[PDB]
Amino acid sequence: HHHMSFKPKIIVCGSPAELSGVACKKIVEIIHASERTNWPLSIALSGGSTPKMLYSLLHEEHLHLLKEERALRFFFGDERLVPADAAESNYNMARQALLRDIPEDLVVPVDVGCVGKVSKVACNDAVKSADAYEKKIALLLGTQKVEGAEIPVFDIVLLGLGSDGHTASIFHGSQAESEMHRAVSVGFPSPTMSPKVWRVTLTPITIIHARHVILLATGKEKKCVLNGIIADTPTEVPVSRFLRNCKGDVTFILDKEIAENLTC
């Protein structure tokens, strides 16, 4: 017909505090759908407060599955080039909530040692950190030829939608914005976005080839950027428009307020 259709699985939760519960259920369902011989399944974690609650929920209700049964190998979709123990570290937050009790081989942080080996982190520092994380992912997961570049294929990618419609640290204007060959790249936040630190990020081509993608989005204030992913024919789009090209199983987990214009 006249337009390409994008039909992700949409789950709308009544209370924004129900999103972590639905995300946890989805992740556990994906784990149990996979034969134990394919475990551990690769997950790329997002930062932020909804993820932090999802990871605390996994820790309180699914520790046996993750620690004893080694169901998941935890990677980061992005990381701030700040110390591994800083308040702005995605690894620091995931570690406090969950990863402190996960076997060490199943926890794969970005090496951020370049911070404090330099006075001010610059683009070239971020790029060497992205290349180092790419090599780490390639070793642990292996890679494959995709769309005719060899890309690791993540089992799960967890994403959050920013107020500017960014995801991971993929910003309009970033090295990552349209990156279709490298698995990992870099991004600096746009003017309205903090913290003002360089980030290592997975690229669109990596997310596009993940077996499962789970986007968490809340707030009436993100309804415009969400509509620019979901609507077929809008004039203006956010950078997360690329999620329409996802090859895997896509789930959007929403609150009522962000979902007011959807036919859910």
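Numbering starts at 1 and follows the sequence shown.
Asker: Going by the record, give me the number of deposited-sequence residues missing between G148 and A149 as none, 1 to 3, 4 to 9, or 10 or more.
Answerer: In the record, 1 to 3 residues between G148 and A149 lack coordinates.
Asker: Taking only the CA atoms, which stretch has the higher mean B-factor in the record, 47 to 55 or 197 to 205?
Answerer: Per the PDB entry, the higher value belongs to 47 to 55.
Asker: Comparing 168 to 176 with 124 to 132, where is the mean C-alpha B-factor higher?
Answerer: The stretch with the larger average C-alpha B-factor is 124 to 132.
Asker: For the listed residues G160, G187, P103, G116, which one has the largest C-alpha B-factor as given in the deposited model?
Answerer: In the PDB entry, the greatest C-alpha B-factor among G160, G187, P103, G116 is found at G116.
Asker: Within this chain, which third does the Cα B-factor at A97 fall in: lowest, middle or highest?
Answerer: As the PDB entry reports it, the C-alpha B-factor of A97 lands in the middle third of its chain.
Asker: How does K256 rank on Cα B-factor within its chain, lowest, middle or highest third?
Answerer: Its C-alpha B-factor belongs to the highest third of this chain's values.
Asker: Grab the CA temperature factor for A86 from the record and place it in the lowest, middle or highest third of its chain.
Answerer: Tercile = highest for this residue's CA B-factor.
Asker: Select lowest, middle or highest to describe the third in which the CA B-factor of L141 falls within its chain in this entry.
Answerer: Lowest third of the chain for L141's C-alpha B-factor.
Asker: Is the Cα B-factor recorded for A183 in the lowest, middle or highest third of its chain?
Answerer: Answer is middle: the recorded C-alpha B-factor places it there.
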